[PDB]
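Below is one structure, written out as C-alpha cells; the observations come after it.
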There are 4 protein chains.
Amino acid sequence: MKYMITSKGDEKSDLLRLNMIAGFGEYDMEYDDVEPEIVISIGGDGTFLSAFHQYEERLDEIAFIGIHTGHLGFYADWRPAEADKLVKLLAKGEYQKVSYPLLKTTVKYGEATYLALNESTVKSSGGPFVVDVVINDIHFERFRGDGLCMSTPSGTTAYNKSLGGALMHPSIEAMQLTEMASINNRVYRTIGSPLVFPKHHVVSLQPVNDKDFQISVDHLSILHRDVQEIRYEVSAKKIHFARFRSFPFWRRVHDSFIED
Amino acid sequence: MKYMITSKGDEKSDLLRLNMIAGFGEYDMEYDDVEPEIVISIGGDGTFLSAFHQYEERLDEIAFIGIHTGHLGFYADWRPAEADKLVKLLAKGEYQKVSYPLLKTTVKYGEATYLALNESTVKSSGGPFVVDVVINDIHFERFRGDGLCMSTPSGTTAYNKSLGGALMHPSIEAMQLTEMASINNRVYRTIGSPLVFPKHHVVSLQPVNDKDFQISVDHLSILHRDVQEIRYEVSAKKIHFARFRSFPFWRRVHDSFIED
Amino acid sequence: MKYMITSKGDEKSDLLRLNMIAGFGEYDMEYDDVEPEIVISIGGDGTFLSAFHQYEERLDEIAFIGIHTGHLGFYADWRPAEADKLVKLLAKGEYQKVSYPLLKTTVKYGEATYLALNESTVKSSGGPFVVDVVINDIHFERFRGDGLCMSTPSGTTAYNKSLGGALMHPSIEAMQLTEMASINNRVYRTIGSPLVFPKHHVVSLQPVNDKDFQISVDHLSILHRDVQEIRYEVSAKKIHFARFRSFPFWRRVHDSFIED
Amino acid sequence: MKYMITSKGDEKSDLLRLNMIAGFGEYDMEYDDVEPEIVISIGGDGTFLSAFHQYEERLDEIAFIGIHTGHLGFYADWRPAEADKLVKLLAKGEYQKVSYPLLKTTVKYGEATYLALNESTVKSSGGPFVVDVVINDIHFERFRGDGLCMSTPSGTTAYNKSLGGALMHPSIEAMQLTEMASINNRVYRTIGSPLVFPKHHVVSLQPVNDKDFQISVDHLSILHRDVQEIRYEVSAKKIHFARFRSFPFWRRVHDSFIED
Ligand SMILES: [N-]=[N+]=NCCCCn1cnc2c(N)ncnc21
Ligand SMILES: [N-]=[N+]=NCCCCn1cnc2c(N)ncnc21
Ligand SMILES: [N-]=[N+]=NCCCCn1cnc2c(N)ncnc21
Ligand SMILES: [N-]=[N+]=NCCCCn1cnc2c(N)ncnc21
C-alpha cells in the first residue's frame, strides 16, 4: 500500500511532513507520488484541493486524508499534534472509506470536461454577463449579472455559502446553482433562489452576445473563447475519504462558523 | 375504483365540480369521499392542501390530482378547460404515479406527530423566540429571532422561498431549514445559511426560557404550552400523484415565477 | 437641575443605582422622576427604551444617558465601573447635547400617534398580511408577506438589521422601510430592496381585506381593529443625548458586531 | 443659451437627434458641444452616463436632460414622442433645476480623483480581495470577498440594488457601501449590512497583501498598480437636472421595477 504527502511549503507543514515520512518508515510503507493509494494533505483546504487535482485520474484507487496547520478545514480535519496516531492507524489499520459526490463541467467550442471538488463559476471577459439557462433541454431563464456558481454538496460551505446558497449534507448526490449580483427589473427576471438539482439533471449555459467567458473550477481559473455551451451535471466519479473517527459534517460546520 | 372531488366553494369551482361528476357518471365510477382512491382538488394550492390533510391516513391508497381555477399552482397543475380530457383518461386509463417526500413533526410535553406537505414553522407566543438547535444529538446553535421554517422539497417554492431558501427538486428525499429574522452580533451567532438535511437526520428544537410556541403545519396554525422538544425528520410516508403528461417541476417553477 | 435613574431591577443594576444617588447627594442635585432634566438608564437597551417612553412628553427638556450592566448597548454606552466619573462630570459639568431623529406613527379608525426610538412594525392578526403602499399620495406597491418594519437611523442596528436593512448614521434625518418574508411570483411583486425616505415624506399603509393589524412600536406591541390607514413620517421631535466623550456611532457598531 | 445632443448611434436615436436639431433651429439656439449649457442624452442610461462624463468639468454650467429610446431609464425619463414639446419648453422656457449628490473617489500611489454618478467598485487583479476598512480614521473591519461597491443616492437603483443595498431618495446627501460575496466564518468577520454614510464622512480602503486593484467608476473600468489608499466621500459638486414636469423618484422606481 503506497502513499504520498504534499505540503503547504511553509516552515511548519514541511517539518510535519518529514516527521510522518520518518514515522511511516518504521512500517513497510512505500512512498510513491506517481501511483499512490493514500494521499495526505498538510496545510489548508487549498492544499487539499491541489492534492485532489494532482490525482483526479485515480479517484477510485485513492483514499484521501487532510491535516490542517492553519485553521480548521472541511477537508483537512486532523489536528497536527494527532499525526503520530494517524500514522499508526493508517498503516496497520483497515479503517473505512467515505465518498462524496463530484461535479462534471463540460465546455464545447467550434469538448473539455472538468472535475470540481468545491464549485465551478462562470463570468464574462469584460462585457456584461448574459446567458440563457437550459434545464433538461427546457429554457428556464435568461440570466444577466456578474455570473453563476454551481456547487457540490461539500462545496456549499465555500463560495456557494457566500452567495446565499444552502448548505447540503454530502450524502446527497446533487448540485446547487447560485446567482452573482443579477439584474431584476420589470424587463429582466431571474429566479433569485438557489437551485438544487439531483443526479441525472443537466444544467446548460448558452451565450447571448459575447462568447468569451472566464470559467473557474475550484481555484483554477482560465479563459475560454468562442464558447457554445457550458454543461453541468453530477459526476459518476466520487472522491474517497478515509475516516478513523466520527467527525460529523454538521459538527465541522459548527466548529468552522459558530465556535471552536 | 372510487373517487371524490373537493371544491374551493366559489361560483366557478363548484360548477366545474358538478360537470366532472356528471362526466364520471357515464363511467361506472363510484363517488366516495369516505375511502376514495383518486382525490381531485379544484381551486388553488390551498384547496389541495386541505384535500391532502383530509385523507392523510390513506396516502398509499390515494393518487392525488389538482385543478386550478385561479392562478397556476404547484400541486394544481391542470387547466380547467382540460377537465373533460382528464375525466376520460382518469377513468379508462392506467397512467402512472409520482411520489414526493413528506415531513414528520413530533412535539413532546410533560407526543403529537404531524405530516406536512409544504412546511412546518415555529414561533414564540409573545416573548422573544429562543431555541437550541440539535442535529443528530449534537448541539449546533442557539437561535434567537422570529422563528424557524422546515420545508419539504416541493414546499421550497412556498414559504421556504420567501425566507431565502433554495428550491429543491422533489426527487430528493430531504428537508430544508430556514431562519426567520435572526439576531447576529458579537455575542449571539446563527449560521444564516439555509440547511438541507437528508433522510434519517433528526433536527430537534429545545426551549431556553419560554416553553410556549406557535407551531404551524402548512396552513394549520396552533399553540402549544409547556413544550419540551420539537422533532423534525423526513417521513417514510409519501404522497402519490397521478400524472397523465410531462410537466417538469422546473417547468412549473418557470411558469410560476418567470412568465406564462 | 433635576435627575432620575431607572434600573433593570436585578441585583447588579439596583446596587449601581443606589451608589450613584449617594454620589449625587454630595452635590446639590435634586432627584425627581416627575419632571427631571437628566434621565439615566442602567441595564440594557430595553431599559433605555422604557426610560425613553416614560418621558416622551418632555424630550426637549431631557438629555438622556445610559449605563449597561449586561452587554454593550447602542444607547447604554457607559461602562458600569465608570459611573463615579460620570456622576462627577454630570453634576458640575456643561457637556454637550447630541440629538437623533425619531419616527412618527399615525393610525386612523372609523387618530392615534406614536413616537418610536427603534422601529414600528405591522403584521396581520391571524390571516395573511396584505397592504397597499402609498408614498406621498402615489400607489407604489401591493405588499403581501409577514409584515413591514419602518426604522429610525439609530434603530437600523436593531430589527431593521435582521431584515437585511442598511445601517444609517444617526446624523441623517430619515426612515427606512424593510420587508418581512414577502411573496414574489409572476403575479405578486414587491420591490424587495429596503427603502430610505427623507424628512417630509409620508409612507401610508392601506388594508386590502382584513382590517385588523398587530402594530408594534419598539417593544410595545398592541392590536388594532378596523384600521383605515397607518401613516409614517420622520418626527419633528428629537431625542437629546448627553455626551462626555467621543464614542463614534461607527465605533459602537464595530464593538457590537465585529469584536470588543 | 447653447446646447448639444449625444445619441446612442443606432438608427432610432440618430433620427430623433436630427429632428430636434431642426426643431431647435427655428429658435435662435446655438449648437455647441464644446461649452454647452443644456446637454441632451438620447438612448439609455448608459448614454446619459457617457454624456455626463463628457462634461464633468462644467457641472454648475450645465443642466442635463435625457431621452430614452429603449426602456425607461432613471436619468433618461422622457418619452421619444414627447421631444417636440421638450424642444418648445427647453427654448422659450425658464423651467427649474434639480440637483443630485455625487461621489468623489481618490486613489493614492507611491493622487487621482474621480466623479461617479452611479457607483465606484473595487476588486482584486487575480488574487483574493483583502482590504482593511477605515471610517473617519477608525479601523472598522477587514473585508475579504469579491469586492466592494460605494453607491450614490440615485445609483442605489443600479449595481447597489443587485448587492442587497437600500434605495435612497436623491434628496439625501449620502453614500452607500455594499459588500460583494464576502467570507464570514469563526475567524473572518464582516458587517454584512449595507452602510450609509452622510456628508463629510470618509471611508478609506487599505490593502493587506496584493496592492493591485480593478477600480471601476460607473461604466469606466481600469486597473491600478501599487495602490496605497482608496478614499471615498460625498463630492461637493452636484449634477444639475432640468425638470419640466413632476416625475417623482419613487414613481420612476415604481415604473422600472413594479409595472409600467
Ligand atoms: N480556492 N481557495 N482558497 C480559499 C479556500 C477557503 C476555504 N475552503 C476551501 N474549500 C472549502 C470547502 N469545501 N468548505 C469550506 N471552506 C473551504
Ligand atoms: N397556506 N396557504 N396559502 C397560500 C398558498 C400559496 C401558494 N402555495 C401553496 N403551496 C405551494 C407550494 N408548495 N409551492 C408554491 N406555492 C404554493
Ligand atoms: N425590544 N427589545 N429588546 C431587544 C433589544 C436588543 C438590542 N437593541 C435594542 N435597541 C437597539 C438598537 N437601537 N440598536 C442595536 N441594538 C438594539
Ligand atoms: N454601466 N452600465 N450599463 C448598465 C445600465 C443599467 C441601467 N442603469 C444605469 N444607471 C442606472 C441608475 N442610476 N439607476 C437605475 N438603473 C440604471
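Using the numbering of Swiss-Prot, the residues shown for chain D are 1-110, 115-264, in order.
How was it done? The header gives X-ray crystallography, 2.5 Å.
Cβ atoms here come from the backbone N, Cα and C positions, even for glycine.
Same-site candidate for NAD(+) binding, as annotated by Swiss-Prot with D:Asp45, D:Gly46, D:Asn122, D:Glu123, D:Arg148, D:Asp150, D:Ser158, D:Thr161, D:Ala162, D:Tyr163, D:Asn164, D:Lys165, D:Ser166, chosen from D:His53, D:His204, D:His205, D:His223: D:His223. Sequence-distant neighbours of D:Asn164 (NAD(+) binding site): residues of the same chain at least 6 apart with a C-beta under 8 Å from its C-beta are D:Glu123, D:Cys153, D:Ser155, D:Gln180, D:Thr182, D:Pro198. Long-range Cβ contacts of D:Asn122 (NAD(+) binding site) within its own chain (separation 6+, distance under 8 Å): D:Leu49, D:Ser155, D:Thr156, D:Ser158, D:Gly159, D:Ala162, D:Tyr163, D:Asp222. When the recorded positions D:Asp45, D:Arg148, D:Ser158, D:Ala162, D:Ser166 are compared by the number of other CB atoms within 10 angstroms of each CB, D:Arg148 has the fewest. Between the alpha carbons (Cα) of D:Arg148 (NAD(+) binding site) and D:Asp45 (active site, proton acceptor) lies a span of roughly 31 Å.
For chain A, the nearby binding-site residues by a Cβ gap under 8 A, listed in sequence order, are D:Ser166, drawn from D:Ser158, D:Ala162, D:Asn164, D:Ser166. Binding of NAD(+) is attributed in the record to D:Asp45, D:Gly46, D:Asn122, D:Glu123, D:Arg148, D:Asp150, D:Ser158, D:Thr161, D:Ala162, D:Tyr163, D:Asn164, D:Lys165, D:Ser166, D:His223, and the widest Cα separation among these residues amounts to 31 Å. Note that 4 residues are not built between D:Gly110 and D:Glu115; their Cα atoms stand 9 Å apart.
Under the DSSP three-state reduction, D:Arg148 (NAD(+) binding site) is assigned to strand. Residues from the binding-site residues list (D:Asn122, D:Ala162, D:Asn164, D:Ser166) with a C-beta closer than 6 Å to any atom of ligand 4: D:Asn122, D:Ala162.
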